[PDB]
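Comments concern the structure below.
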Amino acid sequence: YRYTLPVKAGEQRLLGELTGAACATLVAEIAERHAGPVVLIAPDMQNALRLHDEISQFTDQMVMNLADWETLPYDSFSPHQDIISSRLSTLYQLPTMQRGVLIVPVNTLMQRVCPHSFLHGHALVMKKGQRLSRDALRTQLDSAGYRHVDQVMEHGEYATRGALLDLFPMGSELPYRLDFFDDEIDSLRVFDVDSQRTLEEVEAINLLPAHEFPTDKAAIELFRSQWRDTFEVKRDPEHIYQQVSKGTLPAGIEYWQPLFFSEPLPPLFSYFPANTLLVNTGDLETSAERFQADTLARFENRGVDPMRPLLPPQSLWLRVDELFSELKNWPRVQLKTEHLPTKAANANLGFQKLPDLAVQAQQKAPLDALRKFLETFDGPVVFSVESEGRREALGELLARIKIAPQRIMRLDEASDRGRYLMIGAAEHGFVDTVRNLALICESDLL
Ligand SMILES: [Co+2]
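Here it is in structure tokens:
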């Protein structure tokens, strides 16, 4: 390899001369080289979701996103229950993550989180044949924040119907149906929410709390006390204090999350294993500054409602200088598009933009540009395509100029001067001039 990976706290490596999907190939390579997890910091949400799908193409290591709440700061609305489930799962497993890539956008990385000690402290496991009564389980579920419904359809719900208890654990893809004989769990079975029908039997399940904050009697008492240390209380029933005191979670309650905890919310960095390598794209400083400014604007413009006085931004988000202070504890690879000058910490990787390969599909000399490239380029060329199907809108089309792409799911399988086919989300291609390989995505042809 043309670069070593940084290891010391605060030690940077800058990799330059990147274009298109090259970044995704590099994060995949880094995750494969690094014994330990990799946390990829993307400048914003659009890039983080793009990078998730692209990196997945080029590695068989797990690629996960820490899901953002997807509300704006001090939103009048609460996050989608599927997002909360995904976040709780990801946060819960993060400290023991050994390999793979966790992608976190800048805005998300700056948001303070519940402490891992809360997740584990409110977690529940149960096993078949284990001594649990339906009534005993219900009381734990209520304190854990779960909502008692007649029929379970969403995460964070449970239903008590006769001798059964249904529940949809936060942090689980599926819901479960438990039957009880003699105050022990007779069985646990996946079930399907749409048909409400029992499927496969399972040995055991784990549940996480229904929110990223406690909502039991003690936490409500804490919330009330800390609310009074901070804000006024009005009598009106639509006042946040009044609602939470009655056991009701108002929409948007997430932005008073700190009031449910007796200590300040930690940085997300507190979850990262000691052997974590950071990687980032874009301009982390300008992205962080833009978010900080954005979060202040939300505070200033939304802080005028006497029913909903807001906590200061520092209670929920790192300042930019705090973010860079946290970053100093970790080795980081910075991925840059530009050609870098010679420096101890810099390596250029040799990716260049593809030439003009655009088709003039109104037939004159239509594929003339693709043609001349394929005849001239004497390394492997790998076409990239979004589906297993439309691998033939292209692949049947490539049989027209004597190209029959062999197909692989690994870049390192492309030997010699072969033409190849890959399925994945890679948006734009490149020419790796060091390895002498070209990737061509559909978007480069159109
Ligand atoms: Co140079």
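For the sequence shown, position 315 (counting from the first letter as 1) is numbered 319 according to the deposited numbering, and the numbering increases by one without interruption. We put the CB at the ideal spot given by N, CA and C, even for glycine.
query                                                                                                             : result
Close Cβ partners of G149 (< 6 Å) along its chain, the five nearest in sequence each way excluded                 : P213, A214, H215 and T219
C-beta contact flag for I189 and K132 at 9 Å                                                                      : yes
Touching by the beta-carbon criterion (3+ pairs, under 8 Å), the stretch 390-402 and the stretch 340-360          : no
Residues that DSSP places opposite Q338 in a beta bridge                                                          : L18 and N284
Buried versus exposed, by CB contacts within 10 Å (16 or more), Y78                                               : buried
Distance cut-off 8 Å: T341 Cβ against heavy atoms of ligand 1                                                     : no
DSSP beta-bridge partners of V386                                                                                 : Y424 and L443
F264 - containing alpha helix (DSSP H), residue span                                                              : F264 -> no alpha helix (DSSP H), and no H or E assigned at all.
Environment of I244 [buried if 16+ CB atoms lie within 10 Å]                                                      : buried
Length of the line joining the Cα atoms of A442 and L30                                                           : 15 Å
Cα-Cα separation between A163 and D154, rounded to whole angstroms                                                : 5 Å
Cβ-heavy atom distance, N352 to ligand 1, below 8 Å                                                               : yes
Residue nearest to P370 in terms of C-alpha spacing, selected from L449, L300 and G307                            : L449
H152, buried or exposed, once every other Cβ within 10 Å from all chains shown has been counted against 16        : exposed
Pick from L168, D416, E21 and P268 that is closest to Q200, judged by C-alpha positions                           : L168
C-alpha gap between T437 and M413, whole angstroms                                                                : 21 Å
Under 9 Å between C-beta atoms of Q296 and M49                                                                    : no
Nonlocal neighbours in the same chain, by C-beta distance under 6 Å from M157, ignoring five residues either side : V197
Run of the beta strand (DSSP E) containing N333, from where it starts to where it stops                           : Here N333 belongs to no beta strand (DSSP E), and DSSP marks it neither H nor E.
For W321: DSSP bridge partner residues                                                                            : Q115
Three-state secondary structure (DSSP) of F377                                                                    : helix
Any non-hydrogen atom of ligand 1 closer than 8 Å to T346 Cβ                                                      : yes
Proximity below 9 Å, CB of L425 to CB of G399                                                                     : yes
Own chain, CB closer than 8 Å to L9, minus 5 neighbours either side, in chain order                               : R17, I34, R37, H38, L281, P335 and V337
Reduced DSSP category for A292 - H, G, I as helix; E, B as strand; rest coil                                      : helix
Contact set for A351: own chain, Cβ-Cβ below 8 Å, skip 5 residues either direction                                : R6, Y7, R17, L18, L19, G20 and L344
Every unbroken alpha helix (DSSP H) within the stretch 77-134, with a cutoff of 4 residues, ordered by chain      : 85-97, 110-114 and 120-125
Counted within 10 angstroms of its Cβ, other Cβ atoms place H124 as buried (16 or more) or exposed                : exposed
Close-in-space but distant-in-sequence residues of the same chain around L226 (CB under 7 Å, 5 per side omitted)  : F264 and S266
For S191, the first and last residue of its enclosing beta strand (DSSP E)                                        : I189 to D196
Whole-angstrom distance between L269 and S319, CA atom to CA atom                                                 : 7 Å
Reference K332, options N305, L70 and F273, closest by Cα                                                         : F273
First and last residue of the uninterrupted beta strand (DSSP E) at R394                                          : Unbroken run through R394: none, as it is neither H nor E.
Beta-carbon proximity of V110 to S329, cut-off 9 Å                                                                : no
Buried versus exposed call for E161 [16 or more other C-beta atoms within 10 Å across all chains shown]           : buried
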